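Quick notes on the structure that follows.
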Amino acid sequence: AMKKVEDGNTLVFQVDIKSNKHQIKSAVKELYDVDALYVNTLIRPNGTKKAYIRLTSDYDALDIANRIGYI
Amino acid sequence: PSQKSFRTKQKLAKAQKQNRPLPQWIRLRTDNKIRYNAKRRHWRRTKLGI
Amino acid sequence: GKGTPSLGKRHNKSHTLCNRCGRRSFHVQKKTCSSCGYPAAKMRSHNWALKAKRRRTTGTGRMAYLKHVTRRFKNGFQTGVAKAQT
Amino acid sequence: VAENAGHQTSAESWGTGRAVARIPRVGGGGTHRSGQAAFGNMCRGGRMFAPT
Amino acid sequence: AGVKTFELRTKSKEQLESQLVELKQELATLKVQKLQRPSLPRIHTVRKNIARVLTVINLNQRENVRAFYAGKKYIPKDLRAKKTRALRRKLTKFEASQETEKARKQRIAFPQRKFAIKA
Amino acid sequence: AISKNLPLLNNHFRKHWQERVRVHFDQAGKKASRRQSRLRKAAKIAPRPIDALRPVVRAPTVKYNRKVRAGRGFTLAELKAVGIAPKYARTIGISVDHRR
RNA sequence: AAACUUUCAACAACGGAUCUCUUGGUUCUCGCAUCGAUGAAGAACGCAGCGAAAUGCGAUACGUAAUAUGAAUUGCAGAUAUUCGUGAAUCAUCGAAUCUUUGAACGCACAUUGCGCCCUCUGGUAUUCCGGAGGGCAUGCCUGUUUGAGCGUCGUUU
RNA sequence: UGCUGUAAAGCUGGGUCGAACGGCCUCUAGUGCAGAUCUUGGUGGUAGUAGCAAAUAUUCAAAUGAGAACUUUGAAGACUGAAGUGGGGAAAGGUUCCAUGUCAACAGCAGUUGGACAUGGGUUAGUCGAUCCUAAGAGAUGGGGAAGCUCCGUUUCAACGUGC
RNA sequence: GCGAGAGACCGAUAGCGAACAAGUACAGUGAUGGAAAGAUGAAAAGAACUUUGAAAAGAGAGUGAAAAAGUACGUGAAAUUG
RNA sequence: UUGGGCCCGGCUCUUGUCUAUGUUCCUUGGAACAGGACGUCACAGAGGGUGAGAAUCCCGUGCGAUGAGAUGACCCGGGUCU
Ligand SMILES: [Mg+2]
Ligand SMILES: [Mg+2]
Ligand SMILES: [Mg+2]
Ligand SMILES: [Mg+2]
Ligand SMILES: [Mg+2]
Ligand SMILES: [Mg+2]
Ligand SMILES: [Mg+2]
Ligand SMILES: [Mg+2]
Ligand SMILES: [Mg+2]
Ligand SMILES: [Mg+2]
Ligand SMILES: [Mg+2]
Ligand SMILES: [Mg+2]
Ligand SMILES: [Mg+2]
Ligand SMILES: [Mg+2]
Ligand SMILES: [Mg+2]
Ligand SMILES: [Mg+2]
Ligand SMILES: [Mg+2]
Ligand SMILES: [Mg+2]
Ligand SMILES: [Mg+2]
Ligand SMILES: [Mg+2]
Ligand SMILES: [Mg+2]
Ligand SMILES: [Mg+2]
Ligand SMILES: [Mg+2]
Ligand SMILES: [Mg+2]
Ligand SMILES: [Mg+2]
Ligand SMILES: [Mg+2]
Ligand SMILES: [Mg+2]
Ligand SMILES: [Mg+2]
Ligand SMILES: [Mg+2]
Ligand SMILES: [Mg+2]
Ligand SMILES: [Mg+2]
Ligand SMILES: [Mg+2]
Ligand SMILES: [Mg+2]
Ligand SMILES: [Mg+2]
Ligand SMILES: [Mg+2]
Ligand SMILES: [Zn+2]
């Protein structure tokens with residue numbers, strides 16, 4: 001997941017199983033003040049939903065990850 | 001198969017999560033009687049029947 | 001070839017999971033559960049199968065609401081809140 | 001004793017010709033109870049002779 | 001053990017929602033830190049604080065609806081009494097005590113006497 | 001099936017009789033609870049007697065003509081003869097029978 | 001004569017009898033009357049600082065409130081936790097709540113996490129399109145309200 | 001270790017053991033086993049025996065390791081021979097996928113290897129499917145049967161638009 | 001069903017199928033079928049340490065009233081075996 | 001001969017609190033809850049726990065006493081207003 005944060009400007013999140021890509025894009029905008037280029041979602045073998053959120057070029061995903069505090 | 005329903009994949013997620021060994025700190029509790037997980041399941045041995 | 005060779009041709013499920021009882025007794029083509037009788041309004045049950053009634057009856061699940069009817073009855077089905085003692 | 005003790009089985013005798021005694025036996029498969037004798041006062045898990 | 005419910009009951013809707021937001025961002029920060037600790041018991045405290053604030057908000061809005069509907073003929077069914085279905089179908093005291101005028105005249109005319117014997 | 005010089009019996013046990021066997025284990029318990037009901041009923045209404053006054057009537061049939069026993073209620077003529085209305089009598093511990 | 005075979009004893013095995021227990025069962029008696037469209041019984045899926053099950057619970061998720069009580073919990077850890085006190089633990093009590101997806105199961109459908117429509121608010125240059133939040137839309141029957149249909153039919157006018 | 005009794009059995013010495021138990025007068029019964037192709041559990045002889053022989057086939061060296069016929073690499077010798085022992089999929093399975101560790105059990109020899117065991121990681125769609133259509137068919141509604149569970153019927157003897 | 005009190009009842013092959021994570025594991029397409037399985041010790045005091053071994057283990061030691069109680073746990077019969 | 005409504009009691013149900021007398025001495029034992037001696041209480045010598053058979057160590061048991069909540073047109077006894 002961190003290779004995507006670095007190479008692809010993509011933040012990888014665990015997301016609620018009931019939420020769609022419109023709600024995920026709004027949620028990341030409201031929580032972290034960042035614009036998503038796209039949201040690719042996925043349901044994992046353990047039953048949880050993972051979102052690959054690519055940010056627009058205006059935002060640096062590594063900076064957002066440090067700001068959240070997991071890198 | 002690769003083409004599976006959501007209801008099927010949700011049952012397979014729960015079946016994967018129930019197929020774990022006993023956490024070892026549980027054997028140290030007072031009056032503990034569980035020595036191992038007795039409900040293990042191997043894919044080739046016992047089928048889920050889903 | 002009615003034994004081992006014919007047993008190799010089993011890849012078409014006659015039953016799938018039932019929505020009411022979750023048992024894999026829902027006949028796909030009949031659209032009926034052989035266990036609970038879904039989608040009939042009543043639950044399938046017979047007096048010639050008392051062990052089957054044992055397997056699925058009150059107390060075999062959570063009783064998330066009948067748990068507390070006895071305790072509410074014993075207090076006369078109280079309305080209000082408890083008063084703090086002086 | 002309970003009125004149905006030893007009689008909560010659908011056991012049926014195998015008949016003769018299978019080199020075993022003609023006591024009723026549990027059907028089905030997949031458990032070790034399967035094929036075991038039932039209903040007899042001499043059988044483990046059967047009902048007693050002349051239940052009280 | 002987190003926030004105190006009696007201090008929460010003295011707060012307005014806006015102050016409670018503000019504290020709920022603060023508690024939810026604190027829980028999110030803790031869930032981020034759980035990636036590295038990984039054992040982090042304070043999560044239990046924040047989760048129960050969120051539960052308390054949500055409970056107090058709901059209760060406060062429910063006495064507001066009870067006060068709005070106090071004395072009205074029709075009130076929401078979740079604000080009505082919740083006994084049993086049969087006890088709700090049962091006759092009220094007034095209906096059970098309804099009586100024909102013939103039966104009231106006979107009840108009044110011939111009450112059960114109080115008496116004794118051997119005198 | 002029939003043997004020796006014995007009386008011929010009528011033992012009616014060819015149905016599922018064992019499903020309808022009533023054994024009165026609760027004879028003493030019912031006696032005690034019956035006594036408690038009787039005490040509670042008396043103490044509720046004391047000093048009013050628990051029993052209404054019953055008449056005395058001849059027993060029917062040629063076999064029980066001689067005997068006399070407690071009836072069900074005093075006739076309307078009897079209450080008329082003692083100047084009590086049946087509606088009033090039922091409230092002072094006297095039983096009424098419109099049928100006799 | 002060894003070896004080998006057989007018998008016996010000792011010790012050691014194999015196995016789990018015997019003995020002794022017992023928060024279980026069974027039977028008898030006594031007392032009581034309380035499920036559900038205000039959504040039951042049941043099902044599925046989840047929830048713990050570290051848990052697979054059982055037990056408990058429902059996104060407020062091994063629980064929230066309240067009352068009582070009064071210093072624990074405990075396998076380990078840890079307080080922005082607590083001790084002459086609005087105070088540890090507690091299905092002790094319980095009267096306030098929360099109560100996912102379902103299920104008689106109710107917008108339609110369901111081998112699908114498929115498809116609508118209505119109202120209010122909100123974001124996107126929008127009464128119409130796209131997104132989000134909340135609240136709604138089942139059937140039979142009863143009383144009433146309103147709007148109607150029928151030369152079924154009454155009165156009046158050409 | 002012996003004693004008593006014709007006997008069923010009773011008592012006793014030594015060893016082991018660890019929490020209850022007996023004599024006598026009576027009461028009571030789910031009260032005595034060699035058998036029932038008895039029941040359940042356990043254990044033998046057979047017996048280190050039958051066997052582990054289809055699908056051409058392995059060999060040398062090095063590495064690793066306590067340990068190598070079986071693991072890895074190199075060299076060779078072969079085979080499948082494109083209607084494959086190749087490369088994908090549908091049904092079905094459900095994590096077997098990948099990496100790391102690892103050998104108690106399992107892989108009817110072995111094992112350092114494994115689809116085993118343990119710990120983690122992993123499945124990204126406006127364009128590929130589902131989703132939609134109708135097929136044989138299934139089946140509500142209005143009705144009509146049936147004591148009823150329910151049966152018939154699919155626009156049917158219906159005042160049928162949540163119309164545009 | 002809810003709450004209680006009992007017994008000339010059974011005592012883990014008995015008593016309910018279930019004294020235990022039992023209507024569980026498991027079987028069957030399905031209706032259904034359906035087990036086995038209690039006991040160290042008062043207290044884990046569940047054997048530190050040394051040594052041989054690749055390891056499992058063994059041998060010393062140690063705890064304990066007892067290790068003729070070591071979780072493959074009270075006693076430990078018979079078949080069968082050294 | 002006689003209507004209705006409230007307030008406190010009693011009864012009924014549920015629930016809180018409170019209570020007698022050895023842990024004295026010797027011996028065995030890992031442990032005394034065993035044996036022996038001297039006792040104590042008893043309207044309590046039911047039952048359970050505690051390192052072995054414990055009335056007297058602990059919980060309870062027995063005896064009562066005293067609070068809280070409920071409930072009842074269709075139980076009564078008092079008030080009080082119509
Ligand atoms: Mg996708
Ligand atoms: Mg297979
Ligand atoms: Mg078919
Ligand atoms: Mg039995
Ligand atoms: Mg025994
Ligand atoms: Mg009993
Ligand atoms: Mg479909
Ligand atoms: Mg002992
Ligand atoms: Mg005796
Ligand atoms: Mg017998
Ligand atoms: Mg024998
Ligand atoms: Mg014989
Ligand atoms: Mg035999
Ligand atoms: Mg056998
Ligand atoms: Mg050979
Ligand atoms: Mg061969
Ligand atoms: Mg060739
Ligand atoms: Mg060819
Ligand atoms: Mg292929
Ligand atoms: Mg692999
Ligand atoms: Mg092998
Ligand atoms: Mg090997
Ligand atoms: Mg595996
Ligand atoms: Mg396409
Ligand atoms: Mg057609
Ligand atoms: Mg039809
Ligand atoms: Mg119809
Ligand atoms: Mg049993
Ligand atoms: Mg059994
Ligand atoms: Mg044992
Ligand atoms: Mg010993
Ligand atoms: Mg021992
Ligand atoms: Mg032993
Ligand atoms: Mg022997
Ligand atoms: Mg004791
Ligand atoms: Zn079903």
Side-chain angles (χ1 to χ4, degrees), chain A residues 22-23 26 40-42 45 52, chain B residues 1 3 5-7 10 12 14-16 18 20-23 25-26 28-29 33-34 37-39 43-44 46-48, chain C residues 11-16 19-22 25 28 31 34-35 41 49 52 54-56 58 60-61 63 65-66 69-71 73-76 78-82 84, chain D residues 1-2 5 8 10 19-21 23 26-34 36-37 40 42-45 48-49 52, chain E residues 1 4-6 39-45 48 50-52 54-55 58-59 77-78 80 82 84-85 93 96-97 108-109, chain F residues 25-26 29 33 44:
Chain A
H22 296 305
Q23 294 158 354
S26 292
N40 275 314
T41 64
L42 177 156
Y52 300 101
Chain B
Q3 305 170 324
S5 58
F6 180 85
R7 163 171 279 106
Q10 214 192 20
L12 310 178
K14 188 194 201 69
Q16 293 179 357
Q18 285 175 327
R20 317 170 192 201
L22 183 64
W25 58 265
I26 280 182
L28 301 172
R29 291 160 132 188
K33 293 187 286 185
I34 298 163
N37 188 7
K39 297 178 181 188
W43 53 273
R44 221 171 195 172
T46 299
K47 292 316 194 173
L48 285 163
Chain C
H11 52 251
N12 292 307
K13 309 210 202 83
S14 295
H15 297 86
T16 191
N19 272 340
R20 183 181 291 171
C21 73
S25 308
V28 169
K31 297 297 189 309
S34 62
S35 185
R54 281 212 294 248
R55 299 190 181 102
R56 185 198 306 126
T58 313
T60 70
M63 292 177 70
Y65 177 75
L66 289 175
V69 174
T70 305
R71 187 270 306 281
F73 159 81
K74 172 187 57 58
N75 296 299
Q78 276 164 331
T79 73
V81 302
Chain D
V1 296
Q8 307 195 70
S10 65
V20 295
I23 193 68
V26 177
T31 181
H32 185 74
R33 180 67 187 272
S34 296
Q36 286 195 339
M42 72 284 289
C43 296
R44 176 197 182 272
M48 63 179 287
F49 159 71
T52 42
Chain E
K4 304 288 156 270
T5 317
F6 68 90
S39 168
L40 184 62
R42 165 149 196 78
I43 290 177
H44 170 84
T45 309
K48 302 304 155 184
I50 290 164
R52 285 181 191 103
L54 281 174
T55 301
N58 190 241
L59 297 199
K77 280 180 181 166
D78 56 285
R80 286 170 207 196
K82 169 64 175 198
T84 57
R85 166 168 182 135
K93 279 195 184 180
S97 77
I108 284 174
Chain F
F25 292 119
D26 63 333
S33 66
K44 195 212 205 191

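Quick note: numbers below take in every heavy atom, side chains included, and nothing from hydrogens, waters or symmetry partners. We name chains A, B, ... by the order of the sequence lines, and we start the count at 1 in each one.
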B:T46 vs D:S10, nearer the 5' end of RNA chain I by closest nucleotide
B:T46

Trace of the side-chain contact (heavy atoms from CB on, under 4.5 Å) decision for B:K14 with B:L48:
CA-CA 11 Å; B:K14 188 194 201 69; B:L48 285 163; over 6 Å; no

Using a 3.5 Å limit on both hydrogen-bonding distances, do J:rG16 and J:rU66 make a Watson-Crick or G-U wobble pair?
yes

Output the single nucleotide from H:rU124, I:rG34, I:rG30 whose closest atom is nearest the side chain of D:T31.
I:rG34

Could you tell me which residues satisfy side-chain contact (heavy atoms from CB on, under 4.5 Å) with E:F6, sequence neighbours excluded, listed by chain and number?
E:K4, E:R9

Between the protein and nucleotides 146-152 of chain H, are there any N/O to N/O pairs under 3.5 Å, and if so, what are the atom names and distances?
none

Starting at atom NE2 of C:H15, determine the distance to atom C1' of I:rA27, rounded to an integer number of angstrom.
16 Å

To the nearest 0.5 Å, how far apart are CZ in C:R55 and OG in C:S35?
9.5 Å

Hits for side chain to side chain donor-acceptor pair (under 3.5 Å) against C:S25, two or more places apart or cross-chain, chain-then-number order -> none

Under a 3.5 Å limit on both key distances, is there a Watson-Crick or G-U wobble pair between H:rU113 and H:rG44?
no

Identify which nucleotide among G:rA97, G:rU29, G:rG36 has an atom closest to any side-chain atom of E:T84, counting heavy atoms from C-beta outward.
G:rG36

Give the B/S/- string for nucleotides 125-137 of chain H, one per nucleotide from 5' to 3', where a protein heavy atom under 4.0 Å of the base yields B, of only the sugar-phosphate yields S, and otherwise -.
S---S--------

Two-distance pair criterion under 3.5 Å, Watson-Crick or G-U, for G:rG78 and G:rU146
no

Reckon C:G80 touches a base, only the sugar-phosphate, or nothing at all at heavy-atom distances under 4.0 Å?
base

Have I:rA39 and G:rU20 got a Watson-Crick or G-U wobble pairing, both distances under 3.5 Å?
yes

Would you call the sugar of G:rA48 north or south from its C1'-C2'-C3'-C4' torsion?
south

Length of the CD-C1' vector between D:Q8 and I:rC16, whole Å
7 Å

Canonical Watson-Crick or G-U pair J:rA52-J:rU56, 3.5 Å limit on both distances:
no

Closest to the side chain of B:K33, out of J:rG72, I:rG17, I:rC20, is I:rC20

According to side-chain contact (heavy atoms from CB on, under 4.5 Å), who are the partners of C:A49, at least two apart in sequence or on a separate chain?
C:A52

Among G:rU38, G:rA97, G:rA66, which nucleotide has an atom closest to any side-chain atom of E:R80?
G:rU38

Just to verify, what does C:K31 make a side-chain contact (heavy atoms from CB on, under 4.5 Å) with, not counting sequence neighbours?
C:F26

Sequence neighbours left out, what passes side-chain contact (heavy atoms from CB on, under 4.5 Å) with E:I50? Give chain and number order.
E:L20, E:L23, E:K24, E:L27, E:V46, E:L54

Output the rounded distance in Å from CH2 (B:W43) to P (H:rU95).
9 Å

Kindly say whether J:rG22 and J:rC38 qualify as a Watson-Crick or G-U pair under the rule that both distances are below 3.5 angstrom.
yes

Quick one: label B:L28 by what it contacts on the DNA or RNA (base, sugar-phosphate, nothing), any heavy atom closer than 4.0 Å.
sugar-phosphate

For the side chain of D:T52 and the backbone of D:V1, is there at least one donor-acceptor N/O pair under 3.5 Å apart?
yes

If a protein heavy atom is under 4.0 Å from the base, mark B; if only from the sugar-phosphate, S; if neither, -; do that for nucleotides 41-55 of chain G going 5' to 3'.
SBSBSS-SBBBBB--

B/S/- contact track for nucleotides 84-94 of chain G, protein heavy atom under 4.0 Å:
--BS------B

For the side chain of E:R52, starting at C-beta, report the closest nucleotide among G:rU64, H:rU95, G:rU98.
G:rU64

Would you list the protein and nucleotides 32-39 of chain H atom pairs, both N or O, that sit under 3.5 Å from each other?
{"unit_1": "H:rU37", "atom_1": "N3", "unit_2": "D:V20", "atom_2": "O", "d": "3.3"}
{"unit_1": "H:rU37", "atom_1": "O4", "unit_2": "D:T16", "atom_2": "OG1", "d": "3.0"}
{"unit_1": "H:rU37", "atom_1": "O4", "unit_2": "D:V20", "atom_2": "O", "d": "3.1"}
{"unit_1": "H:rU39", "atom_1": "OP1", "unit_2": "D:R25", "atom_2": "NH2", "d": "2.9"}
{"unit_1": "H:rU39", "atom_1": "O2'", "unit_2": "D:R44", "atom_2": "N", "d": "3.1"}

Is there a Watson-Crick or G-U wobble pair between J:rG45 and J:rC41, both distances under 3.5 angstrom?
yes

Upstream residue (5' side of RNA chain I) when B:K47 and D:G28 are each assigned their closest nucleotide:
B:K47

Excluding sequence neighbours, so at least two apart, what forms side chain to side chain donor-acceptor pair (under 3.5 Å) with C:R71?
C:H68

Between G:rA40 and E:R85, counting only base atoms on the nucleotide and side-chain atoms on the residue, is there a donor-acceptor pair under 3.5 Å?
no

Side-chain-base donor-acceptor pair under 3.5 Å for C:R54 and I:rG17
yes

Of the listed G:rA33, G:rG36, I:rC16, the closest approach to the E:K82 side chain comes from G:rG36

Whole-Å distance, E:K77 NZ to G:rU38 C1', equals 7 Å

Spacing between E:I50 atom CD1 and G:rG58 atom P, to the nearest angstrom
17 Å

With sequence neighbours left out, write down each residue that passes salt bridge (charged side-chain N to carboxylate O under 4.0 Å, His left out) with E:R52, or none if nothing qualifies.
none

As a test of reading torsions: judging only by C1'-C2'-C3'-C4', is the sugar of I:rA12 on the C3'-endo (north) or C2'-endo (south) side?
south

North or south sugar for H:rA147 (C1'-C2'-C3'-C4' positive means north):
north

Please report the distance, rounded to the nearest Å, between CG in E:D78 and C1' in G:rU38.
8 Å

From NZ of F:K44 over to P of J:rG72, roughly how many Å is that when rounded to an integer?
15 Å

WC/wobble flag for H:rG81 and H:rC157, Watson-Crick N1-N3 plus second contact under 3.5 Å:
no

Of the listed nucleotides (G:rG132, G:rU60, G:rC32), which one gets closest to any side-chain atom of A:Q23?
G:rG132

Taking only N and O in the side chain of C:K13, is any of them less than 4.0 Å away from OP1 or OP2 of H:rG93?
yes

Select base, sugar-phosphate, or nothing to describe what F:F25 touches, counting heavy atoms under 4.0 Å on all strands.
sugar-phosphate

Partner check I:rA59 against I:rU50: Watson-Crick or G-U, both under 3.5 Å:
yes

Rounded to the nearest angstrom, tell me the gap between atom NE2 in D:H32 and atom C1' in H:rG42.
12 Å

Closest nucleotide among G:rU27, H:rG30, I:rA31 to the C:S25 side chain
I:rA31

